[PDB]
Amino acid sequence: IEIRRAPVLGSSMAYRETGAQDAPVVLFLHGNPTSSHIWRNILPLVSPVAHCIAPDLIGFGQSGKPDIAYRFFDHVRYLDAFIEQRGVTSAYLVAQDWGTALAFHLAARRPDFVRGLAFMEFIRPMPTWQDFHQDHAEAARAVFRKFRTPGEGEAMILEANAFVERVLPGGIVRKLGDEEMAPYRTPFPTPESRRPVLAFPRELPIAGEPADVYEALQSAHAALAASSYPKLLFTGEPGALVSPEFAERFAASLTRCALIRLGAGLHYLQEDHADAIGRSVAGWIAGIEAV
């Protein structure tokens, strides 16, 4: 699969594309601090049934690095512009981490765009720190509190590259090979290049802040609970942002939401479960399109 590039809002976004184009479109949306790289072993399993498009968010992967704030709403604007530039009129969405917030927000604003939503390890408004990660992961809670602290977050993420070097491997059960880890590092050679990686944890909707993202994601979650398109939720054990127990309650709170149990898994489920995820998604799309 070639990396391709699209002009977007006077910058550019890199993307991977595969599959016959007479088929329904599936948009794969990564989060922090990843790129379309994370889908690399899932795309070949979905491409036989769908036209797969996996963009790198602005400032991630091989996308352009404009001098912007990289707030959640900036990503929204770039992703919307990418979809427009690609001429995509409707799609399935497959999302993880911040990709899920983009998917939920897109579905809320354009309900007729969404053929279905496959998601995992998703972002929701979290009224307190007890709603961010699980009780066995107090240490993750403490790290993100630091990311959200002026000066401290800069030292950890911009200077020490902690999100790429510590958080990412900490959210994968297996140990990535050198050749698998390398493309996670290459987008972020410098402190300045790491700006988007610091901006994201500062956007997490926790304890009412930031108020604009908190409200947008409350609204997106209300829309999701009122939506009628098919949904497919994956969970790991014990997971990270989403426990198996929360996943069961969440899926039951929605209509037309299946829950697929992947087994031992933390945050970056794609890395531990690419085959299970790809096979599940391809079957699910095939089933929906049949009927």
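In case it trips you up, residue 1 is the first one in the sequence shown, and so on.
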Stretch with higher mean Cα temperature factor, 188-196 vs 73-81, is 188-196
Comparing 252-260 with 36-44, the one whose average Cα B-factor in the PDB entry is higher: 252-260
Out of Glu121, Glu203, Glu154, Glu180, residue topping the C-alpha B-factor column of the entry: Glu180
Comparing C-alpha B-factors across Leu102, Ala139, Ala91, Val213 in this entry, the winner is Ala139
Against its chain's modelled residues, does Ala247's Cα B factor rank lowest, middle or highest third? highest
Would you mind checking where the Cα B-factor of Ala225 ranks among the modelled residues of its chain, as the lowest, middle or highest third? highest
Lowest, middle or highest third: where is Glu237 by C-alpha B factor in its chain? highest
Sorting by Cα B-factor within the chain, modelled residues only, which third would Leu176 end up in: lowest, middle or highest? highest
Here the Cα B-factor of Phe144, set against its chain, lands in the third termed middle
